[PDB]
file data.txt (compact mmCIF, C-alpha atoms and all ligand atoms)
# COMPACT_ATOMS: atom_id res chain seq x y z
CA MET A 1 16.84 -7.22 -31.04
CA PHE A 2 18.90 -4.23 -32.26
CA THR A 3 17.32 -1.32 -30.33
CA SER A 4 15.26 -0.60 -27.19
CA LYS A 5 12.24 1.49 -26.13
CA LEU A 6 11.62 2.38 -22.43
CA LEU A 7 8.02 2.00 -21.15
CA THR A 8 6.33 2.45 -17.74
CA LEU A 9 3.44 0.68 -15.93
CA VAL A 10 1.80 1.82 -12.63
CA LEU A 11 -0.44 -0.33 -10.37
CA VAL A 12 -2.39 1.45 -7.57
CA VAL A 13 -3.58 -0.95 -4.83
CA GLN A 14 -5.71 -0.86 -1.66
CA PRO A 15 -6.40 -3.77 0.76
CA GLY A 16 -8.11 -6.45 -1.34
CA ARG A 17 -8.32 -4.51 -4.65
CA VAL A 18 -6.35 -3.18 -7.63
CA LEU A 19 -7.08 -0.22 -9.94
CA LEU A 20 -6.99 -1.09 -13.68
CA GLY A 21 -8.12 0.81 -16.77
CA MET A 22 -9.71 -0.33 -20.04
CA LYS A 23 -7.40 0.81 -22.90
CA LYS A 24 -9.75 2.58 -25.37
CA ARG A 25 -7.24 3.26 -28.23
CA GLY A 26 -3.73 2.40 -29.37
CA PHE A 27 -1.30 -0.28 -28.21
CA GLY A 28 -3.09 -3.05 -26.29
CA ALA A 29 -6.55 -1.53 -26.93
CA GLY A 30 -9.32 -3.73 -25.51
CA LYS A 31 -7.17 -5.02 -22.63
CA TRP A 32 -7.44 -3.98 -18.97
CA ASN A 33 -4.05 -2.76 -17.66
CA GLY A 34 -2.20 -0.41 -15.34
CA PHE A 35 -1.37 3.17 -16.49
CA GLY A 36 1.82 4.24 -18.35
CA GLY A 37 3.68 5.14 -21.53
CA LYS A 38 7.04 6.28 -22.96
CA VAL A 39 9.90 8.28 -21.34
CA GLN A 40 10.64 11.63 -23.10
CA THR A 41 14.24 12.85 -23.37
CA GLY A 42 14.89 14.89 -20.19
CA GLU A 43 12.54 12.81 -18.00
CA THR A 44 13.54 10.14 -15.48
CA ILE A 45 11.67 6.78 -15.74
CA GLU A 46 9.79 7.54 -12.46
CA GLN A 47 8.86 11.09 -13.63
CA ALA A 48 7.43 9.63 -16.87
CA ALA A 49 5.44 6.96 -14.92
CA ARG A 50 3.93 9.68 -12.67
CA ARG A 51 3.03 11.85 -15.73
CA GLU A 52 1.10 9.08 -17.51
CA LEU A 53 -0.74 8.00 -14.30
CA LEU A 54 -2.03 11.62 -14.01
CA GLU A 55 -2.92 12.00 -17.73
CA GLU A 56 -4.76 8.63 -17.95
CA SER A 57 -6.47 8.20 -14.52
CA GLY A 58 -6.48 11.68 -12.90
CA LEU A 59 -4.45 10.37 -9.90
CA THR A 60 -1.14 11.34 -8.31
CA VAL A 61 0.87 9.57 -5.58
CA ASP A 62 3.39 10.45 -2.84
CA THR A 63 5.43 7.24 -2.22
CA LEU A 64 5.95 5.14 -5.40
CA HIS A 65 7.79 1.77 -5.23
CA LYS A 66 9.73 0.28 -8.12
CA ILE A 67 8.77 -3.41 -8.22
CA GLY A 68 9.56 -4.94 -11.64
CA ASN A 69 11.41 -4.87 -14.95
CA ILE A 70 10.09 -7.07 -17.79
CA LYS A 71 11.58 -7.17 -21.31
CA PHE A 72 9.28 -8.05 -24.28
CA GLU A 73 10.41 -9.38 -27.68
CA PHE A 74 7.81 -9.70 -30.48
CA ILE A 75 8.67 -12.09 -33.36
CA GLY A 76 9.23 -9.96 -36.50
CA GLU A 77 10.30 -6.81 -34.63
CA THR A 78 13.85 -5.57 -34.00
CA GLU A 79 12.94 -3.14 -31.14
CA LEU A 80 12.87 -4.53 -27.56
CA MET A 81 10.21 -3.14 -25.17
CA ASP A 82 11.82 -2.52 -21.73
CA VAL A 83 8.92 -2.15 -19.22
CA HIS A 84 9.53 -0.59 -15.74
CA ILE A 85 6.74 -1.48 -13.25
CA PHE A 86 5.76 0.54 -10.12
CA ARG A 87 3.30 -0.02 -7.21
CA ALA A 88 1.51 2.63 -5.10
CA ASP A 89 -0.21 1.65 -1.81
CA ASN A 90 -1.95 5.09 -1.46
CA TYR A 91 -3.16 7.80 -3.90
CA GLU A 92 -4.24 11.45 -4.23
CA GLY A 93 -7.39 12.62 -6.02
CA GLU A 94 -10.20 10.37 -7.27
CA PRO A 95 -9.98 8.26 -10.49
CA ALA A 96 -11.75 9.57 -13.62
CA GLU A 97 -12.21 8.40 -17.20
CA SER A 98 -9.89 9.90 -19.88
CA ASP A 99 -10.13 9.60 -23.70
CA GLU A 100 -7.40 6.92 -23.43
CA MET A 101 -8.49 4.76 -20.42
CA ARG A 102 -11.54 3.99 -18.23
CA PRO A 103 -10.40 3.24 -14.60
CA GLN A 104 -12.24 0.53 -12.55
CA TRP A 105 -11.42 -1.06 -9.14
CA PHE A 106 -11.31 -4.90 -9.03
CA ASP A 107 -11.44 -7.16 -5.98
CA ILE A 108 -8.64 -9.81 -6.09
CA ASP A 109 -11.11 -12.62 -7.01
CA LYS A 110 -12.47 -10.54 -9.94
CA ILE A 111 -9.24 -9.47 -11.73
CA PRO A 112 -10.10 -10.01 -15.44
CA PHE A 113 -6.96 -11.91 -16.60
CA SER A 114 -8.60 -13.34 -19.76
CA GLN A 115 -9.08 -9.70 -20.93
CA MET A 116 -5.48 -8.62 -20.00
CA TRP A 117 -2.07 -9.18 -21.62
CA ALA A 118 -1.07 -12.88 -21.30
CA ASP A 119 1.95 -12.16 -19.01
CA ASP A 120 0.00 -10.45 -16.22
CA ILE A 121 -1.44 -13.53 -14.44
CA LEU A 122 2.13 -14.88 -13.95
CA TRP A 123 3.60 -11.83 -12.12
CA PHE A 124 0.47 -10.40 -10.37
CA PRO A 125 0.85 -12.90 -7.44
CA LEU A 126 4.41 -11.53 -6.85
CA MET A 127 3.10 -7.94 -7.05
CA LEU A 128 0.35 -8.66 -4.43
CA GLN A 129 2.95 -10.11 -1.97
CA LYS A 130 4.93 -6.79 -2.22
CA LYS A 131 7.81 -8.62 -3.95
CA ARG A 132 10.26 -7.38 -6.62
CA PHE A 133 10.91 -9.28 -9.89
CA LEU A 134 12.75 -9.45 -13.27
CA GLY A 135 11.41 -11.12 -16.43
CA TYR A 136 11.54 -11.69 -20.18
CA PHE A 137 8.74 -12.78 -22.59
CA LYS A 138 8.88 -13.62 -26.31
CA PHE A 139 5.48 -13.23 -28.06
CA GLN A 140 4.14 -14.53 -31.40
CA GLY A 141 1.59 -11.83 -32.19
CA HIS A 142 -0.24 -10.29 -29.23
CA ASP A 143 -1.75 -13.45 -27.64
CA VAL A 144 0.82 -16.34 -27.70
CA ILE A 145 3.82 -16.60 -25.32
CA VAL A 146 6.61 -18.68 -27.00
CA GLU A 147 9.40 -18.18 -24.37
CA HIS A 148 9.24 -16.98 -20.75
CA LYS A 149 11.68 -16.23 -17.82
CA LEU A 150 10.69 -14.74 -14.41
CA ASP A 151 12.50 -14.51 -11.03
CA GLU A 152 11.89 -12.86 -7.64
CA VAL A 153 14.80 -10.55 -6.76
CA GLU A 154 15.91 -8.49 -3.72
CA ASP A 155 16.91 -5.31 -5.65
CA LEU A 156 16.31 -3.54 -9.04
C1 LIG A 201 3.31 -7.25 -23.95
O1 LIG A 201 2.82 -7.40 -22.65
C2 LIG A 201 2.49 -6.29 -21.92
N1 LIG A 201 1.95 -6.54 -20.74
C3 LIG A 201 1.50 -5.50 -19.97
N2 LIG A 201 0.87 -5.79 -18.77
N3 LIG A 201 1.62 -4.20 -20.28
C4 LIG A 201 2.23 -3.97 -21.46
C5 LIG A 201 2.70 -4.93 -22.34
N4 LIG A 201 3.27 -4.31 -23.46
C6 LIG A 201 3.13 -2.99 -23.22
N5 LIG A 201 2.52 -2.73 -22.01
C7 LIG A 201 2.18 -1.43 -21.45
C8 LIG A 201 3.32 -0.45 -21.18
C9 LIG A 201 2.63 0.84 -21.16
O2 LIG A 201 1.95 1.09 -19.92
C10 LIG A 201 1.60 0.68 -22.29
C11 LIG A 201 2.03 1.22 -23.63
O3 LIG A 201 2.21 2.64 -23.60
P1 LIG A 201 1.29 3.63 -24.49
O4 LIG A 201 1.15 2.99 -25.85
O5 LIG A 201 -0.07 3.78 -23.81
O6 LIG A 201 2.05 4.94 -24.47
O7 LIG A 201 1.35 -0.73 -22.38
CA CA A 202 -0.72 5.12 -21.96
CA CA A 203 -1.05 8.25 -24.72
CA CA A 204 0.46 11.01 -22.51
CL CL A 205 -3.45 5.64 -30.59
call {"tool": "encode", "arguments": {"input": "data.txt", "output": "structure tokens"}}
result
Amino acid sequence: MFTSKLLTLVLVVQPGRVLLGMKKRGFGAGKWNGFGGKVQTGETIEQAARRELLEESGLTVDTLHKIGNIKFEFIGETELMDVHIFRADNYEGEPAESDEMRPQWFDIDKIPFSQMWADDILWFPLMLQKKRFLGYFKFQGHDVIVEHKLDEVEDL
């Protein structure tokens, strides 16, 4: 890995359920996921996370918690993906479909992990316990994990 790209990911939760969206185009199309994107020059990471939540789901939030940082290395690439993960326990507005993503609430027992990125099932249990975490995954293509590190932490 020679260079890095910052990315964001936002999970909105309520008691017993999590808001995901079906990615309709682009990177990770066909997978359910949280909302997020890149960080423009002049934005903070949190500002960028809030922007993409609004553009993709129609929602805004007041309190937003930083919960995770996961680095992704894809075999054959020289750019690292540095993903900054946030949780909201409350929201403003009502979710609506965009050209990019279709939001849907899932009960905990219905989260569709076989139709999500392969990493998600491993850190979702930490997220649901209101924990913080650091990780690293090396992927061979989009659906095989070849190396994996993950740890609960106190601070990020
Ligand atoms: C590899 O494993 C991965 N696992 C998970 N859960 N999310 C991942 C991911 N790789 C990228 N992302 C997320 C970050 C962003 O929210 C969005 C891309 O930003 P846009 O292309 O929409 O601008 O996709
Ligand atoms: Ca996006
Ligand atoms: Ca976009
Ligand atoms: Ca956008
Ligand atoms: Cl696209």
call {"tool": "atom_distance", "arguments": {"input": "data.txt", "atom1": "atom CA of residue A:29", "atom2": "atom CA of residue A:132"}}
result
27.0 Å
call {"tool": "closest_residue", "arguments": {"input": "data.txt", "among": "A:37, A:42, A:58, A:30", "to": "residue A:83", "atoms": "all atoms listed in the file"}}
result
A:37
call {"tool": "residues_near_point", "arguments": {"input": "data.txt", "point": "(2.6, -15.1, -18.0)", "cutoff": "9 Å", "atoms": "all atoms listed in the file", "output": "PyMOL selection string"}}
result
chain A and resi 117-123+137+145+148+150
call {"tool": "residues_near_ligand", "arguments": {"input": "data.txt", "ligand": "ligand LIG 201 (chain A)", "cutoff": "9 Å", "atoms": "only C-alpha atoms and all ligand atoms", "output": "number ranges by chain"}}
result
A: 6-10, 23, 25-29, 31-38, 49, 52, 56, 70-74, 81-85, 100, 116-120, 137-139, 142-143
call {"tool": "closest_residue", "arguments": {"input": "data.txt", "among": "A:62, A:99, A:94, A:79", "to": "ligand CA 203 (chain A)", "atoms": "all atoms listed in the file"}}
result
A:99
call {"tool": "residues_around", "arguments": {"input": "data.txt", "residues": "residue A:155", "least_positions_apart": "6", "cutoff": "10 Å", "atoms": "all atoms listed in the file", "output": "list in words"}}
result
residues 66, 67, 68, 131, 132, 133 and 134 of chain A
call {"tool": "residues_near_point", "arguments": {"input": "data.txt", "point": "(-7.7, 4.4, -14.1)", "cutoff": "7 Å", "atoms": "all atoms listed in the file", "output": "PyMOL selection string"}}
result
chain A and resi 19-21+35+56-57+95-97+101-104
call {"tool": "atom_distance", "arguments": {"input": "data.txt", "atom1": "atom CA of residue A:91", "atom2": "atom CA of residue A:47"}}
result
15.8 Å
call {"tool": "residues_around", "arguments": {"input": "data.txt", "residues": "residue A:2", "least_positions_apart": "3", "cutoff": "10 Å", "atoms": "all atoms listed in the file", "output": "ChimeraX atom specification"}}
result
/A:77-80
call {"tool": "residues_around", "arguments": {"input": "data.txt", "residues": "residue A:18", "least_positions_apart": "2", "cutoff": "6 Å", "atoms": "only C-alpha atoms", "output": "PyMOL selection string"}}
result
chain A and resi 13+105-106
call {"tool": "axis_aligned_box", "arguments": {"input": "data.txt", "around": "stretch 79-85 of chain A", "padding_each_side": "5 Å", "output": "JSON"}}
result
{"center_x": 9.8, "center_y": -2.6, "center_z": -22.2, "size_x": 16.2, "size_y": 13.9, "size_z": 27.9}
call {"tool": "atom_distance", "arguments": {"input": "data.txt", "atom1": "atom CA of residue A:63", "atom2": "atom CA of residue A:129"}}
result
17.5 Å
call {"tool": "residues_around", "arguments": {"input": "data.txt", "residues": "residue A:50", "least_positions_apart": "4", "cutoff": "8 Å", "atoms": "only C-alpha atoms", "output": "number ranges by chain"}}
result
A: 46, 54, 60-61
call {"tool": "closest_residue", "arguments": {"input": "data.txt", "among": "A:130, A:43, A:136, A:64", "to": "residue A:88", "atoms": "all atoms listed in the file"}}
result
A:64
call {"tool": "build_atoms", "arguments": {"input": "data.txt", "residues": "stretch 76-100 of chain A", "atoms": "N, CA and C atoms", "output": "mmCIF file, in the frame of the given file"}}
result
data_model
loop_
_atom_site.group_PDB
_atom_site.id
_atom_site.type_symbol
_atom_site.label_atom_id
_atom_site.label_comp_id
_atom_site.auth_asym_id
_atom_site.auth_seq_id
_atom_site.Cartn_x
_atom_site.Cartn_y
_atom_site.Cartn_z
ATOM 1 N N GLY A 76 9.362 -10.871 -35.361
ATOM 2 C CA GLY A 76 9.230 -9.960 -36.500
ATOM 3 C C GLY A 76 9.670 -8.528 -36.257
ATOM 4 N N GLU A 77 9.885 -8.158 -34.996
ATOM 5 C CA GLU A 77 10.300 -6.810 -34.630
ATOM 6 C C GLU A 77 11.781 -6.831 -34.274
ATOM 7 N N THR A 78 12.469 -5.712 -34.452
ATOM 8 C CA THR A 78 13.850 -5.570 -34.000
ATOM 9 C C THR A 78 14.045 -4.616 -32.809
ATOM 10 N N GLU A 79 12.950 -4.024 -32.315
ATOM 11 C CA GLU A 79 12.940 -3.140 -31.140
ATOM 12 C C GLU A 79 12.449 -3.927 -29.918
ATOM 13 N N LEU A 80 13.270 -3.974 -28.863
ATOM 14 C CA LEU A 80 12.870 -4.530 -27.560
ATOM 15 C C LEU A 80 12.012 -3.510 -26.807
ATOM 16 N N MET A 81 10.976 -3.981 -26.104
ATOM 17 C CA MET A 81 10.210 -3.140 -25.170
ATOM 18 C C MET A 81 10.693 -3.413 -23.750
ATOM 19 N N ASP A 82 11.231 -2.386 -23.073
ATOM 20 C CA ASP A 82 11.820 -2.520 -21.730
ATOM 21 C C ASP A 82 10.862 -1.855 -20.718
ATOM 22 N N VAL A 83 10.021 -2.668 -20.047
ATOM 23 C CA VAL A 83 8.920 -2.150 -19.220
ATOM 24 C C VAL A 83 9.324 -2.091 -17.735
ATOM 25 N N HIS A 84 9.176 -0.889 -17.148
ATOM 26 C CA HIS A 84 9.530 -0.590 -15.740
ATOM 27 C C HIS A 84 8.210 -0.435 -14.958
ATOM 28 N N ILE A 85 8.028 -1.296 -13.940
ATOM 29 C CA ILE A 85 6.740 -1.480 -13.250
ATOM 30 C C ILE A 85 6.841 -0.941 -11.812
ATOM 31 N N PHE A 86 5.822 -0.142 -11.421
ATOM 32 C CA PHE A 86 5.760 0.540 -10.120
ATOM 33 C C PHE A 86 4.439 0.204 -9.408
ATOM 34 N N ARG A 87 4.484 0.186 -8.066
ATOM 35 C CA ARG A 87 3.300 -0.020 -7.210
ATOM 36 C C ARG A 87 3.130 1.177 -6.266
ATOM 37 N N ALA A 88 1.880 1.644 -6.126
ATOM 38 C CA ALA A 88 1.510 2.630 -5.100
ATOM 39 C C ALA A 88 0.478 2.005 -4.162
ATOM 40 N N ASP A 89 0.694 2.168 -2.847
ATOM 41 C CA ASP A 89 -0.210 1.650 -1.810
ATOM 42 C C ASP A 89 -1.238 2.691 -1.337
ATOM 43 N N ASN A 90 -1.043 3.953 -1.766
ATOM 44 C CA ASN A 90 -1.950 5.090 -1.460
ATOM 45 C C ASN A 90 -1.951 6.051 -2.657
ATOM 46 N N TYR A 91 -2.978 6.912 -2.748
ATOM 47 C CA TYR A 91 -3.160 7.800 -3.900
ATOM 48 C C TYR A 91 -3.778 9.140 -3.457
ATOM 49 N N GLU A 92 -3.757 10.078 -4.404
ATOM 50 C CA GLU A 92 -4.240 11.450 -4.230
ATOM 51 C C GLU A 92 -5.196 11.783 -5.389
ATOM 52 N N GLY A 93 -6.320 12.414 -5.058
ATOM 53 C CA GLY A 93 -7.390 12.620 -6.020
ATOM 54 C C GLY A 93 -8.314 11.402 -6.088
ATOM 55 N N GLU A 94 -9.245 11.457 -7.035
ATOM 56 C CA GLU A 94 -10.200 10.370 -7.270
ATOM 57 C C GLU A 94 -10.083 9.984 -8.770
ATOM 58 N N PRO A 95 -10.171 8.665 -9.093
ATOM 59 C CA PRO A 95 -9.980 8.260 -10.490
ATOM 60 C C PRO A 95 -11.111 8.744 -11.395
ATOM 61 N N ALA A 96 -10.764 9.057 -12.646
ATOM 62 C CA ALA A 96 -11.750 9.570 -13.620
ATOM 63 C C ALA A 96 -11.383 9.065 -15.007
ATOM 64 N N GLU A 97 -12.404 8.852 -15.826
ATOM 65 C CA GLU A 97 -12.210 8.400 -17.200
ATOM 66 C C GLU A 97 -11.557 9.492 -18.077
ATOM 67 N N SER A 98 -10.551 9.075 -18.863
ATOM 68 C CA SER A 98 -9.890 9.900 -19.880
ATOM 69 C C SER A 98 -10.297 9.409 -21.282
ATOM 70 N N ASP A 99 -9.914 10.133 -22.342
ATOM 71 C CA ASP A 99 -10.130 9.600 -23.700
ATOM 72 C C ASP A 99 -9.383 8.274 -23.901
ATOM 73 N N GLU A 100 -8.223 8.109 -23.230
ATOM 74 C CA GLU A 100 -7.400 6.920 -23.430
ATOM 75 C C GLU A 100 -7.796 5.702 -22.587
#
